There are 2 protein chains.
Amino acid sequence: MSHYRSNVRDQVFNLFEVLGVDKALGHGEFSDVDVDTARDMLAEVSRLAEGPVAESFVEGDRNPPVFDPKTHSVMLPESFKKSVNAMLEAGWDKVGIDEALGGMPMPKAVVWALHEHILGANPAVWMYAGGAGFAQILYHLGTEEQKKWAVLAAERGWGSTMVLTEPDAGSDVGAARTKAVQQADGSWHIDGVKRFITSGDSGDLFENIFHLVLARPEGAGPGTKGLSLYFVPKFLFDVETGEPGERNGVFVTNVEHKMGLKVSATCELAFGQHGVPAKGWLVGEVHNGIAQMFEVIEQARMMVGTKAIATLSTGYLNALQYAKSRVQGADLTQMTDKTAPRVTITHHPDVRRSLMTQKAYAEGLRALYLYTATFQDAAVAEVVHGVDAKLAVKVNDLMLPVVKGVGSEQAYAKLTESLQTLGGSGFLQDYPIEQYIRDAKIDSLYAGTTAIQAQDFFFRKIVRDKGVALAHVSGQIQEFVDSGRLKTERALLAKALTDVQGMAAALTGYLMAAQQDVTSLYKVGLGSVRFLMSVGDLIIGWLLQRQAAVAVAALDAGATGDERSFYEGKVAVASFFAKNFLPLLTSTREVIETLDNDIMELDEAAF
Amino acid sequence: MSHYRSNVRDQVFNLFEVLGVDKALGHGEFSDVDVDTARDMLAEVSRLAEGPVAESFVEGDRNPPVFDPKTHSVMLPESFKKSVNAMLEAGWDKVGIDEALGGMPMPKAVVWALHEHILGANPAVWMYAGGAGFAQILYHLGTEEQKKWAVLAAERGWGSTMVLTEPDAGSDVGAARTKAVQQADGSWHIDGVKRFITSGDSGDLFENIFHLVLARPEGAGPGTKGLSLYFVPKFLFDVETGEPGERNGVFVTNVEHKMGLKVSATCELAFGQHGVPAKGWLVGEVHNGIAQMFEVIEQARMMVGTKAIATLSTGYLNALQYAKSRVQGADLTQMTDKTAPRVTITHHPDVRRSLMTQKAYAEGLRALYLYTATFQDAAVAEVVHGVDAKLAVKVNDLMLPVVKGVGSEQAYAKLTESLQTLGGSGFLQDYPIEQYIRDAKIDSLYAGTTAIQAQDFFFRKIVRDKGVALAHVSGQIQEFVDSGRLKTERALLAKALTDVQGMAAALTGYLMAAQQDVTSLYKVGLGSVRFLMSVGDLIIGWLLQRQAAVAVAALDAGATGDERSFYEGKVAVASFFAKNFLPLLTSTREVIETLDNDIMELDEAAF
Ligand SMILES: CCCCCCCCCCCCCCCCCC(=O)SCCNC(=O)CCNC(=O)[C@H](O)C(C)(C)COP(=O)(O)OP(=O)(O)OC[C@H]1O[C@@H](n2cnc3c(N)ncnc32)[C@H](O)[C@@H]1OP(=O)(O)O
Ligand SMILES: CCCCCCCCCCCCCCCCCC(=O)SCCNC(=O)CCNC(=O)[C@H](O)C(C)(C)COP(=O)(O)OP(=O)(O)OC[C@H]1O[C@@H](n2cnc3c(N)ncnc32)[C@H](O)[C@@H]1OP(=O)(O)O
Ligand SMILES: Cc1cc2nc3c(=O)[nH]c(=O)nc-3n(C[C@H](O)[C@H](O)[C@H](O)COP(=O)(O)OP(=O)(O)OC[C@H]3O[C@@H](n4cnc5c(N)ncnc54)[C@H](O)[C@@H]3O)c2cc1C
Ligand SMILES: Cc1cc2nc3c(=O)[nH]c(=O)nc-3n(C[C@H](O)[C@H](O)[C@H](O)COP(=O)(O)OP(=O)(O)OC[C@H]3O[C@@H](n4cnc5c(N)ncnc54)[C@H](O)[C@@H]3O)c2cc1C
């Protein structure tokens, strides 16, 4: 087969044995979707991922897109084009999207499980083909006239981009200087240069591209609150039929050469700099740019974390496959006997430690993004968690920085173990883990760096939230921990919950203290990322133990064969994680409780 | 200037203010080298590394060597060949080499500090140019006839290789099947295929290459003990003048395609398979192969750890230079004020945490390999540490797994922080950190995987050694923590010593219990790598506090200006490491004390 190894069985286990998404199927907007329908779609898309989508994964990296400056055009490998069009011709880009746009209803938890397979097999495909998902947001936020455009965009299959960054405005989006001047007809003319734009051009892959652009109206206020969101197409088009017309003044002027994700054209995109106006329209005809754009960012941050996790999972499964078959060395128990038979390396304790660590974070993080996705539909959140719509929004907001920040960083860190499992062969392009690592590095940077995720998590999702969402998740873990074979694991989780609550209390103390000495805030920043990562380990631990309980019940009821091996692996991985990673949170709490500002007051030249 | 950023000042600090190498200079073999001569040499190689050597760093990766299968030859980029020849013409490969081979005396601590700059600027240069260091080993081990061959190899500038690995014999060197058949004329015919041979061919870069080859003499016993070391030249040569002659029967048949270190040709090397016998000569005319080859392996393991550390250093320095000039966002104390002045990112807490983390491991690991190198000369070890020659060998042996294993893994892990400091630009090939990471990942694999290092460290360097070397080093740390501003840090180091000593006790306990239940050994394997990493952190913490003590003295003695900034940085980094990384060892100890065999008993199919 291909490089991509899927795990539909684990997705089904989470969705329909552990998390309860099955109880929302057959109800609400999912009247005509049952568990069998969702299972079949998952198997169907996993086969597409493993075949036509994965087929161009290697070539996308080895023969990157070619950029021609004078026609401002990017040419993608033909094999990649077919991969994208194989996905689109099957309609996987439209599941969960409004029926007006050609979609059919589906819980986001299932949608993200479906898209996991695409993100694992060839993530850039998902990016180039996000047009309809972009159209969904434009449909939600636009005037009635702009809704017809969104409908057209979805059906003519346009490509799409999210356009915020400028050389001087990356983390600080509010510093952007791309400007917008209103025209007599109500149109606007966009004028500026944007940097690092994913899918900024894609050649003849699509009939059109509609950029969603942040720009500052002439005379607008400063910062992010002064930015407005604009619909700017590559081609002007017939507002009735969608037929592309005159080329609009939006041009790629450069394409970055990157560590990985090479098939995703990361572009310098110029608006109105080449003699042709960049005509655009104010989304919703209101000035509400940063709020509007964050509907896109929220999806971007979910995708990026799910991508990081999809990559770890297939990285782990490739390493496991290799390890079962690689003979090297003798069993440690027969070390003195140098004539002892050679064994497969899964017999070596460090290889099993490595593989169980990979397993725990692949499956642990899979559970985490699926659990997060059960809060992204109010109806699913209601039936699974018994929370009302407002609280579900708060919990999803709480969990997004965890999915993105912990997923990106832990996936990359544990792909190191995947590669280590192959020995020297892991350093070769013959195996895909090398590329997995290069493609995954980006996940801690774009859609907001980890430091921005951790700042958002504490200041916006806990402090501004008054801790409500965190107290809800904490309370669910408390109940789980207070409720035979899993008693030791639950006590380690009780300790980890207490450790994380002590982290949050210390950081809130630093926050409170800042009223007397404002530099106390630096301590919060110093601890923010370790706190973010600790919460992730806590929720991974809990979800894995919820899985282990379902597995114990399945084994007692007489599981046999492959199902028994699946459930046996869940008991072991939940216990392994509890004993090897949860106790580390104790030392981290002590460090966070002890933070000082020595390194803040240090002279910069001392570094 | 170039990508490579050096730190001569820190090397001097370690060598001549902390570690006491100055006491050995001016005496014994080092008559002709004083502190000043060494500082100038470090500065001189500093500049060669930054210029002619770093010149080809980028091209070597983006235009890798071309393999010609019909002539079994590798063609290296011309600019890279210039870099190698610039190193050789300045004689940096012969520093510390026997005078018979064109070298002059130099303590190993200074030699590795010299080579740090080549390894950071273009590590493959060091590898290709290592021929003279190979000859020194040939000179030590050879018959009188072979020592003349070693002289000619050093004088004619030949390249060299170390040839062990086969497809079925990587970590398990003893499974190699390359054969050796003695001829009437006293030579042997080598027959087999070797894999992954660094520098297996180099085109016209050198006049000859002498391969050091492990092979199994006809009728020898199994495992590493049945292997012998053979001298196998690319060209047969006149044994009096060294003039190359007939082509010997050893040919490269493939070159690997790798993640990084691309300009190092990693070759499939075939002996006696292309119709021409591969003539070789038994090194020392004795069958001591694995012990002889381990003289080479010990240098390779020191180099790999030093390379990884050299790479983290220039990664940190590049990120630091970038952080000081990158304007993004405002001070955290003004987060509510959206009009606040923009600041350089060095003002942000998470960036300073990141930078101080990179600093502590770059400088901590530099101290580690320099400390280790003070045991690689008997005269130096006596003057500096007061230990006899045989104990110095044992300590060096103890530390080689630390330098290679901990250096390789921690350098790669912390380069993630370096790249993160660049934000989105770190993912660009426009900056060198992307290449650092790819070039560094191999450090955890070749010259023995991290698991091999951890196994060697415990079973051979602690258990076979009867705790002598470990007891000596721990004794020095015990002394140190029992000796105002460094008091808090001293106590954290004491706790770390107790923690590591508890890890050792637990592992020794598991070893003893293997007398009754031999599976207990598996627990040793499970904790082996974490134990090794913990010792690294202990020794890093210790050395940084030794540096801090020296720095405090210099501060109170009236240091000013840039020297004051240097010394202040050492105080801060030693304290930061003590407070943020040493306490984490307590939880690691608890994990090691609670290891069990559940994941060993688990069915393979359950993974
Ligand atoms: C049915 C089907 C469904 C289909 C749809 C799904 C599919 C769609 C397809 C997805 C496409 C993905 C394509 C891939 C492209 C790659 C992504 C990128 O790199 S792209 C680029 C990625 N770039 C980045 O990620 C930017 C990174 N930088 C940051 O995030 C900064 O922290 C900053 C810019 C927010 C700071 O600015 P500063 O002015 O200090 O900010 P303040 O703190 O003052 O907040 C101001 C206002 O912002 C707002 N708002 C804020 N936070 C949140 C939130 N978390 N959350 C929400 N809103 C949030 C809020 O309105 C707030 O006002 P208020 O409510 O308070 O009144
Ligand atoms: C100015 C100078 C400028 C230029 C400088 C040039 C310097 C020189 C060249 C530098 C290198 C060039 C760069 C090349 C980079 C490629 C490096 C590689 O990958 S290639 C290398 C890649 N491949 C590897 O690294 C192999 C990795 N695999 C291993 O290490 C395995 O553990 C194994 C082979 C030892 C197992 O086999 P098994 O038979 O079960 O192991 P046992 O436990 O039973 O010991 C058997 C005998 O071996 C001995 N001996 C053992 N250990 C050590 C030691 N630490 N320590 C010492 N000796 C050791 C010992 O004699 C022992 O006998 P005994 O004393 O006990 O009676
Ligand atoms: C491959 C790729 C594709 C991209 N595609 C897109 C796209 O389609 N659309 C788009 O809009 N953007 C895109 N970007 C940009 C992306 O959104 C990133 O947010 C951007 O690269 C980050 O800003 P920067 O690179 O200027 O880094 P900076 O913001 O300059 O960050 C540099 C360092 O400073 C730290 N830092 C910065 N500000 C703070 C702060 N206030 N507190 C603490 N630490 C801070 C960061 O964490 C980081 O370590 C892409 C980037 C890449 C690499
Ligand atoms: C770039 C590069 C250059 C190289 N250059 C040279 C060279 O010049 N000369 C040379 O002789 N070799 C060279 N090698 C070979 C290199 O030393 C081997 O790849 C290395 O020893 C690992 O062997 P392997 O690839 O077969 O992995 P394996 O031995 O198959 O290891 C696979 C996995 O099993 C684990 N494992 C194996 N045995 C054990 C055990 N007993 N206990 C616990 N875990 C175990 C490993 O840690 C790893 O995770 C090079 C390799 C590379 C990648």
Side-chain angles (χ1 to χ4, degrees), chain A residues 96-98 103 108 111 127 130 133-134 136-137 161-165 170-174 194 196-199 223-225 256 258 261 264 266 290-291 294 296-301 303-304 335 338 397 400 442 445-452 455-456 460-461 525, chain B residues 92-97 103 111 115 126-127 129-130 132-134 136-137 160 162 164-165 170-174 196 198 223-225 290-291 294 296-301 303-304 323 326 328-330 332 335 338 345 348-351 354 397 400-401 420-425 427 446-448 452 455-456 460-461 464:
Chain A
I97 277 166
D98 279 22
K108 299 284 177 305
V111 172
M127 299 181 191
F134 271 93
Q136 178 69 90
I137 297 165
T161 75
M162 57 199 293
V163 189
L164 306 77
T165 297
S171 289
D172 182 11
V173 172
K194 296 284 193 184
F196 288 153
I197 306 307
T198 292
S199 321
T224 63
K225 288 274 155 151
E256 307 289 2
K258 306 182 302 293
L261 204 74
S264 183
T266 309
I290 191 64
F294 250 99
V296 190
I297 296 173
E298 274 174 18
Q299 301 300 313
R301 296 186 174 172
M303 179 279 295
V304 170
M335 200 170 35
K338 301 291 180 211
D397 281 341
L400 280 170
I442 184 49
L445 303 170
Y446 78 135
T449 71
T450 306
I452 266 56
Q455 182 158 323
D456 173 62
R460 180 163 188 100
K461 311 315 215 301
Chain B
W92 294 117
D93 60 317
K94 278 153 197 264
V95 85
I97 299 299
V111 171
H115 293 171
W126 188 100
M127 296 167 186
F134 276 90
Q136 178 65 92
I137 296 162
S160 190
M162 62 193 296
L164 305 71
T165 298
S171 295
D172 187 15
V173 169
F196 290 152
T198 295
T224 57
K225 223 93 208 193
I290 190 60
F294 250 100
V296 189
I297 295 178
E298 283 173 11
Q299 299 309 130
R301 290 189 180 172
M303 175 278 283
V304 173
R326 170 52 164 180
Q328 196 68 191
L332 189 62
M335 53 179 298
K338 303 297 151 173
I345 60 174
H348 296 325
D350 188 65
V351 168
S354 185
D397 282 337
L400 288 176
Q420 194 75 12
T421 301
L422 265 60
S425 293
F427 201 64
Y446 75 135
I452 289 324
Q455 175 174 103
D456 173 63
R460 174 174 201 87
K461 310 293 206 275
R464 188 181 172 276

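Only heavy atoms go into these numbers, but all of them, side chains included; no hydrogens, no water, no symmetry mates. Per chain, numbering begins at 1; letters A, B, ... match sequence-line order. Start at 1 and go down the list; that is how both ligands and their atoms are numbered.
Within ligand 3, the atoms closer than 4.0 Å to a non-hydrogen atom of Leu164(A) are 11 (O), numbered from 1 in the order shown. Every atom of ligand 3 is numbered from 1 in the order shown, and the set under 4.0 Å from a heavy atom of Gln420(B) is 48 (C), 49 (O). Interface of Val351(B) with ligand 3, defined as ligand atoms under 4.0 Å from a residue heavy atom, comprises 34 (O), 35 (C). Residue-ligand proximity, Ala451(A) to ligand 3, at heavy-atom distances under 4.0 Å covers atoms 44 (N), 47 (O). For ligand 3 and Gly170(A), the ligand atoms under 4.0 Å from any heavy atom of the residue are 23 (O), 26 (O). Of all atoms in ligand 3, numbered sequentially from 1 with element shown, those under 4.0 Å from a heavy atom of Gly424(B) are 21 (O), 24 (P), 25 (O), 27 (O), 53 (C).
Looking only at protein heavy atoms, the nearest one to atom 27 (O) of ligand 3 is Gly423(B) CA, 3.6 Å. Protein heavy atom closest to atom 33 (C) of ligand 3, with residue, atom name and distance, is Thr421(B) O, 3.3 Å. Of all protein heavy atoms, the one lying nearest to atom 15 (C) of ligand 3 is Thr165(A) OG1, 3.3 Å. Among protein heavy atoms, atom 30 (O) of ligand 3 sits closest to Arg326(B) NE, 2.8 Å. When hydrogens are left out, the protein atom nearest atom 45 (C) of ligand 3 is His348(B) CD2, 3.4 Å; that is the closest non-hydrogen contact.
Looking at ligand 3, you won't find any N or O of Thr266(A) less than 3.5 Å from one of its N or O atoms. On a distance-only criterion, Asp172(A) and ligand 3 share no N/O pair closer than 3.5 Å. Annotation: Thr198(A) places an N or O atom under 3.5 Å from an N or O atom of ligand 3; distance criterion only. Checking only distances, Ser171(A) does come within under 3.5 Å of ligand 3, N or O to N or O. Inclusion of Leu422(B) in the set of residues having an N or O under 3.5 Å from an N or O of ligand 3 is not warranted. Ligand 3 has no N or O atom lying under 3.5 Å from any N or O atom of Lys258(A), backbone or side chain. Looking at ligand 3, you'll find an N or O of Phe196(A) within less than 3.5 Å of one of its N or O atoms. Polar contact check, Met162(A) against ligand 3: a nitrogen or oxygen pair lies under 3.5 Å apart.
Residue contacts with ligand 3 do not include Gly329(B), since none of its heavy atoms lies under 4.0 Å from the ligand. Contact annotation: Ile345(B) has at least one heavy atom less than 4.0 Å from an atom of ligand 3. In this structure, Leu261(A) has no heavy atom closer than 4.0 Å to ligand 3.
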message: Let's go through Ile297(A) and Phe294(A) carefully: what are the C-alpha distance in whole Å and the side-chain angles of both, what is the deciding distance for side-chain contact (heavy atoms from CB on, under 4.5 Å) to 0.1 Å, and is it a yes or a no?
response: CA-CA 4 Å; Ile297(A) 296 173; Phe294(A) 250 99; 3.9 Å; yes

field: Full working for side-chain contact (heavy atoms from CB on, under 4.5 Å) between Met127(B) and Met303(B)
entry: CA-CA 9 Å; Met127(B) 296 167 186; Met303(B) 175 278 283; 4.0 Å; yes

- prompt: Taking it one step at a time, do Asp350(B) and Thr449(A) satisfy side-chain contact (heavy atoms from CB on, under 4.5 Å)?
  reply: CA-CA 11 Å; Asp350(B) 188 65; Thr449(A) 71; over 6 Å; no

- request: Would you please test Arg301(B) and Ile452(B) for side-chain contact (heavy atoms from CB on, under 4.5 Å) and show each step?
  value: CA-CA 12 Å; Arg301(B) 290 189 180 172; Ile452(B) 289 324; 4.1 Å; yes

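Panel note: side chain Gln328(B), backbone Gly170(A); a donor-acceptor pair is recorded below 3.5 Å. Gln455(A) contributes no side-chain N or O that, together with a main-chain N or O of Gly525(A), makes up a donor-acceptor pair within less than 3.5 Å. With hydrogens and angles ignored, the 3.5 Å screen pairs a side-chain donor or acceptor of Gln136(A) with a backbone N or O of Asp98(A). Put simply, the side chain of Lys258(A) gets close to the backbone of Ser264(A): a donor and an acceptor are under 3.5 Å apart.
Here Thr449(A) has side-chain heavy atoms under 4.0 Å from ligand 3, and that is the only part of it that gets that close. Within the 4.0 Å heavy-atom criterion, neither part of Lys194(A) lies near ligand 3. At a heavy-atom cutoff of 4.0 Å, ligand 3 is contacted by the side chain of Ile442(A) but not by its backbone.
The closest side-chain heavy-atom distance from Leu332(B) to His348(B) is not below 4.5 Å. In this structure, the side chains of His115(B) and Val95(B) come closer than 4.5 Å at one or more pairs of heavy atoms.
Here the closest non-hydrogen pair linking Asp93(B) and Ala132(B) is OD2-CB, 3.7 Å. Across every non-hydrogen atom of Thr421(B) and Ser354(B), the tightest pair is OG1-OG, 3.5 Å. Smallest separation of non-hydrogen atoms from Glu298(B) and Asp397(B): OE2-OD1, 3.6 Å. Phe196(A) approaches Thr165(A) most closely through the heavy-atom pair CD1-CG2, 4.2 Å. Taking both residues in full, the closest heavy atoms of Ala323(B) and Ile345(B) are given as O-CG1, 3.3 Å, listed atom of the first, atom of the second, then distance. Contact record, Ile137(A) with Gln299(A): CD1-CG, 4.3 Å, taken as the closest heavy-atom pair.
Between the CG atom of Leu422(B) and the CZ atom of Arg326(B) there is a distance of 9.5 Å, given to the nearest 0.5 Å. How far OG1 of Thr266(A) is from OH of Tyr446(A): 9.0 Å, rounded to the nearest 0.5 Å. Distance check, rounded to the nearest 0.5 Å: CZ of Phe134(B) to CE of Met162(B) gives 6.0 Å.
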List ligand 1's nitrogen or oxygen atoms that come under 3.5 Å of a protein nitrogen or oxygen, with the partner atom and distance.
| from | atom 1 | to | atom 2 | distance (Å) |
| --- | --- | --- | --- | --- |
| ligand 1 | 19 (O) | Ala447(A) | N | 3.1 |
| ligand 1 | 25 (O) | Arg301(A) | NH2 | 2.9 |
| ligand 1 | 25 (O) | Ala447(A) | O | 3.4 |
| ligand 1 | 25 (O) | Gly448(A) | N | 3.3 |
| ligand 1 | 28 (N) | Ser171(A) | O | 2.9 |
| ligand 1 | 30 (O) | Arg301(A) | NH2 | 3.0 |
| ligand 1 | 39 (O) | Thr224(A) | OG1 | 2.7 |
| ligand 1 | 40 (O) | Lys338(B) | NZ | 2.8 |
| ligand 1 | 44 (O) | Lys338(B) | NZ | 3.3 |
| ligand 1 | 55 (N) | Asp456(A) | OD1 | 3.2 |
| ligand 1 | 55 (N) | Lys461(A) | NZ | 3.1 |
| ligand 1 | 63 (O) | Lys225(A) | NZ | 3.1 |
| ligand 1 | 65 (O) | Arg460(A) | NH2 | 2.9 |
| ligand 1 | 66 (O) | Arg460(A) | NH1 | 2.9 |
| ligand 1 | 67 (O) | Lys225(A) | NZ | 2.7 |

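Nearest residue to atom 19 (O) of ligand 3 from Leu445(A), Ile197(A), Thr450(A) is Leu445(A) (criterion: closest heavy atom).
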